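Read on for two forms of one protein chain; each stands alone as structure tokens, with the labels structure 1 and structure 2.
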Structure 1
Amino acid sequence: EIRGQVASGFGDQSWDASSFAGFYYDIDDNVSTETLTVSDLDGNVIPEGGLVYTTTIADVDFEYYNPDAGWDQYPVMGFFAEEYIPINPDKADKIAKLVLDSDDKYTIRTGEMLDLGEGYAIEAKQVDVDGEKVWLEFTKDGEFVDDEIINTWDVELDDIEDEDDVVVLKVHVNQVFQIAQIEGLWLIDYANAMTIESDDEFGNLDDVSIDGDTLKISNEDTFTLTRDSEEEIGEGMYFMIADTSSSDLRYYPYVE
């Protein structure tokens, strides 16, 4: 249980990352994307449309920052307190998990591998193209995906959540010795990507509105803040509502 700030009385209330520790926040980039609002109370009853979760895409610099190499920003989005990466930086509805955002130095020997996590790997081999060159092979769980010959390599795949031209991997090479030096690795788990649709239900937040770079999700039925109780909002989010008389209302959101 991670709580947010307590709300008092019968007026409106709003939570973001600063006031609710359960929301995604990234301190190095100073970025957050999520809000929860309660509006239009009739006593302790929130009316339809009155409980609203919102999330908006933000952009953050790659760990390996280098504008002169084409490494500027990548998109991020809180989705029910978990970091996700939109596969397209202007569209909130299609997202994947970040596997790596690194600026460390790795070395790959031409016989060798580099396990990137979650069955993603990159293999190096020696090739001839107008002389001796290094050949990097991006694989997944035992399957070819893409190649380049060797500074920024970008892997753009097709049919990722029904989209094309989607960068799932970035690799920057510092140097090659005669073994390669990587400094700049960025990868998303595109094989387990997901899509948010208008018809989706997320607990009692079951009215989904998709507005480009923003997702808004609200309640279709009235939501009652019953006193002396815990009530599910959805996806691990709850409210705790104090045991007071009906002369008061005191409650806070939490994540489990």
Structure 2
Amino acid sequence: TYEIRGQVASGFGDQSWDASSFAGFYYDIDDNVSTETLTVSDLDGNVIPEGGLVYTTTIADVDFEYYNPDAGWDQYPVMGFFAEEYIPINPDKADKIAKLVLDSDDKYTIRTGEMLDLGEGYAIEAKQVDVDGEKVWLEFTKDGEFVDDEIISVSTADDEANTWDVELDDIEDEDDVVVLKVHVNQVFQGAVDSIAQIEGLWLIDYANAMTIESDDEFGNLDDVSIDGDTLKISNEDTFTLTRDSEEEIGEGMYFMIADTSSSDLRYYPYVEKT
């Protein structure tokens, strides 16, 4: 394990950390986007009152790596969750999340009958190309099991026709959840081989999606509030910034508090990772 620290706080005033002052928080440089804050308020000496320690994360959006709004590739939602990146499976709800497997703009060729492994048990197969070489029949699988299939027409006027979005139901009680996007550039119909050329892939590990429950507790951050696109997690009871010590906030986040006299206070937050 290793440690990533934030800016140092001094004195007994209110304090605030975000991505710019705490390198542990998630941050996307291309879109210049982050989601997390940690605040300390209303200290009495070194004791934070109930509700004075607040971790907040609010959904934000970033450009697909394969950026092409006209073909249906504009932005997707992102959310920091205890210093890790997650994808909200419904872009308006902060409490249902999954890990991103792929966000890619690399070119791949799939030959009919062959599988492109996407990672974590997910794959796409070109099952067939049509005689005229303008349509490809794709199939999406998880651990060898059928999930979905679609016929994609690759040389129409409409650039969105090249994109396949897999929408699944009953994922953490959400329906119409986009779990995979695949953009097919073209099809190549050779003498012996036909191949599909892919460029643009986005996949979340929907099979491992989770829900943050109102009853969940994260160490001393044990008052979870879910308000649409924002999680706000707060302390139910007093929290002491014990001098000359480390104190868990929760779920891998900590404060380091300096060895000073009780007339002073100096501390910074940090995150522990592996």
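Rigid core: the largest C-alpha set superposing within 1.5 Å between the two forms. Residues that one form lacks are left out of the comparison. Numbers follow structure 1, counted from its first residue as 1.
Q: I want to make sure I read this right: if the two forms are fitted on their rigid core, which of 166, 81, 134, 98 has a C-alpha displacement of 2 angstroms or more between structures 1 and 2?
A: With the rigid core superposed, the residue that stands out is 134.
Q: Core overlaid, residue 111 C-alpha shift between structures 1 and 2, how many Å?
A: With the rigid core fitted, the alpha carbon of residue 111 is displaced 2.2 Å between structures 1 and 2.
Q: Relative to the superposed core, what is the Cα shift for residue 200 between structures 1 and 2, in Å?
A: Core-aligned C-alpha shift comes out at 0.5 Å.
Q: Segments of at least 3 residues with every CA displaced 2 Å or more between structures 1 and 2, core-aligned, in sequence order?
A: Only one moving run appears between structures 1 and 2, namely 127-134.
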